[PDB]
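Input: a single structure, listed below in structure tokens.
What follows draws every value from the coordinates through simple rules; no lab data is involved.
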């Protein structure tokens, strides 16, 4: 499904017919997520993985298995959350990856991403650095996971 | 920023990293305030004017904008980031602000603030317009506002 719609969207942009995202594209992202047989999270922290899984369960989505690899190494790259997600994909071969880490440079706060089996970005959500807005991490993760799904029309 | 990046990288490397530090977030704000030239690749006057209205309200120098075809960013995996990098590579500016698609078709919008070496300082997102009927200038205004307030700017 996603390849079909990407090919079509790419042709649209190429022919200057692109005027934003289309309801069928958003729907396909939801369908991809709902049908994913294996979802993996590289984050090892139980509070964060449990928060993610709490939210998935609340949307009737299959829970994520977590990996147990050193994820500090992602923090020496330009987009840590995305690097961590790609690491999870490359190790696991999963259909869906959900990962959380730093947005960009030190100081830039947090980004949670939902990525597909070929390394593409389906949705995401962010929080300010904790030093700017205090929020218990489990609630930050819960809200980011919720926002990442609701923003593409999940109920 | 490189001095703080070095120290943050050493923390992560040595298993001492526990989130972003106040001094790091402060450094990002300083970098943004000190920028000699801010460039926006988005050509749409409505989007550029909304960005500039926000910058002005935060006492920041307004962005110049580029005029080139930005549709082609939409054939890449992270269109907003691609667009920002294109703006940086053409302009040599100190600060780039760019808005475009987050990821795959259907994935909504991402606004990024990028430094002179292509690193991500801050960002903000909106759902696809089909999901949230926000007027686009309100979408861009709110994204620009969120991207600055999340790192501690005050209007």
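Taking the centroid of alpha carbons for each part, segment B:9-50 and segment B:108-131 are 12 Å apart. D by Stokes-Einstein for chain A, Kirkwood Rh over Cα pairs, 25 °C, 0.890 mPa s: 153 µm²/s.
Angle between the Cα long axis of helix A:137-150 and the longest principal axis of chain A, 0 to 90 degrees, nearest 10? Approximately 10 degrees, to the nearest 10. Ratio of Rg to Rh for the protein assembly as shown: 0.94 [Cα atoms; Kirkwood radius as inverse mean 1/r over pairs]. For chain A, DSSP calls about 75 percent of its internal beta bridges antiparallel.
Against chain A, whose longest principal axis comes from its Cα atoms, helix A:46-58 is set at around 40 degrees. The C-alpha atoms of chain A define a longest principal axis, and helix A:23-35 lies at about 50 degrees to it.
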